[PDB]
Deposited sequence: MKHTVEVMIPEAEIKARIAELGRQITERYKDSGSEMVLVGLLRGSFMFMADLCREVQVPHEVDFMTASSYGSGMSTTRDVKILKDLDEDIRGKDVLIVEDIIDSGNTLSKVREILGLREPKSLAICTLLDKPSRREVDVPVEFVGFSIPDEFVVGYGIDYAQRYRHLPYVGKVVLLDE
C-alpha cells in the first residue's frame, strides 16, 4: 500500500483557525472556567493545534477510554460547573464518544460539547450530538494527524489516504 495527501497540512491549519474563532465566539462570554478534553491517543495533535487557536482561557486535559467502555485513564481536572469541550480526531460509529459524554455528564459540567476534526456520518451506529466538525468525509481509509493504521502515520502533518 501507499499514502497520498487527502487534506493538506495548510488546509487543516486554515480550518483549525476558523474552528478556533468559532469556538471563541461561542464561549467568549460564559465567564465560567473552560476545559478542553482530548481522548488519547488520537486527539493529541488536533488538541495541540486547536487549543492554541481558542482565545478563551481554559485548561487542557486528557482521558483514555476503550464490550463496556472503560476509563483506562480519567481526567486530572474536575469539571463540575465548567464549560467542557471534548476534542476528537475522528468520529464514525460514535459509540465510545457517547459513553464518554454520558460518563462526563454525571459530573455536572455547566455545558458539554464535542469538536471533531474529521466526521464520517455514514458510519454512525449511535447518534451523539457534535457541535463542531472540521471536515465531513466519505468513508475513506484515512491516516495521519493523530490517526494511525497499525502504529504508524500517526505523525504525518496531513490527513492521508491509504491506497
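message = Could you spell out the stretches of the deposited sequence that were left without C-alpha coordinates, going in sequence order?
response = Unmodelled stretches, in sequence order: 1-2, 69-77, 175-178.
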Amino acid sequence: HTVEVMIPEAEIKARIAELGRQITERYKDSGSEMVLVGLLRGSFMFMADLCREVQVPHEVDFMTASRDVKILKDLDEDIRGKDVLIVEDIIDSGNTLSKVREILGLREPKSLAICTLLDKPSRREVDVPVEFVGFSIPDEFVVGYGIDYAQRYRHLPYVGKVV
From here on, numbers count along this sequence of modelled residues.
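ask   = Which is higher in the entry, the mean Cα B factor of 46-54 or that of 119-127?
value = If you average the C-alpha B-factors of 119-127 and of 46-54, the larger mean comes out for 119-127.
ask   = For the C-alpha atoms alone, is the average B factor greater in 150-158 or in 6-14, going by the entry?
value = Higher of the two, by average CA B-factor, is 150-158.
query = Whose CA atom has the top B-factor in the entry, of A113, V60, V133, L40?
reply = Highest C-alpha B-factor among the listed residues goes to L40.
request  = Taking the chain's C-alpha temperature factors as the reference, tell me which third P109 falls into: lowest, middle or highest.
outcome  = Tercile = middle for this residue's CA B-factor.
message = Among the modelled residues of this chain, does the Cα B factor of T64 put it in the lowest, middle or highest third?
response = As the PDB entry reports it, the C-alpha B-factor of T64 lands in the lowest third of its chain.
ask   = Split the chain's modelled residues into thirds by Cα B-factor; is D89 in the lowest, middle or highest one?
value = According to the entry, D89 has a C-alpha B-factor in the chain's middle third.
Chain thirds of CA B-factor: placement of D78 = Tercile = middle for this residue's CA B-factor.
task = Grab the CA temperature factor for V35 from the record and place it in the lowest, middle or highest third of its chain.
result = As the PDB entry reports it, the C-alpha B-factor of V35 lands in the middle third of its chain.
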